[PDB]
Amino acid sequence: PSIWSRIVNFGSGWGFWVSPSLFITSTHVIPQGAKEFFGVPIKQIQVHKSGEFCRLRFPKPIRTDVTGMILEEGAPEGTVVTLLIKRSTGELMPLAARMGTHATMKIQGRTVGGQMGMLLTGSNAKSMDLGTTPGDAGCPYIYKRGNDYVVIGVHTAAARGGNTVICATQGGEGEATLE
């Protein structure tokens, strides 16, 4: 429950407090041409973009109610992680996804770098009761390793049918092999 409170509205979507000073979101949900965030002058905030992943480091602790969480680049392939989907209508909707590889994907009429995954609701994630909607962007992907929670990125894209989702990650590089 304290994990759900790290998820707040941000631009056209959401964002996640990894720590009191570190906030992550999707790049295409950020308000463009912003003078501040949360009243902190933009010049004092460290804005790191990579692909569709956006990291904001604030000059002083600001979400001081939370503890710092582990933020890793992706999740190991095969891991079943959780999208913590928050909806404007109040629902807290955790959805399991099976993670694949980092790659460069043609999806939602554009080109998106990130880690691919597939919702366990699979075939019928075309419904927003059982899948993603645009506007869920910025919501965090997490999983449990031992007793630790690990956040691996945030939501940023999905295929029309809903099954395939894309997690924007901090530095994603996939290795493959011609077989």
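The first residue of the sequence shown is number 1, and the count goes up from there.
Between 29 to 37 and 136 to 144, the higher mean Cα B-factor belongs to 29 to 37. Look at the mean CA B-factor for 38 to 46 and for 113 to 121 in the entry; the higher one is 38 to 46. Among all modelled residues in its chain, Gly171 ranks in the highest third by Cα B-factor. When the CA B factors of the chain's modelled residues are split into thirds, the value for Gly153 lands in the lowest one.
In the deposited entry, the Cα temperature factor of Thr104 sits in the middle third of values across the chain's modelled residues. For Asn163, the recorded CA B-factor ranks within the lowest third of the chain. Only modelled residues enter the ranking.
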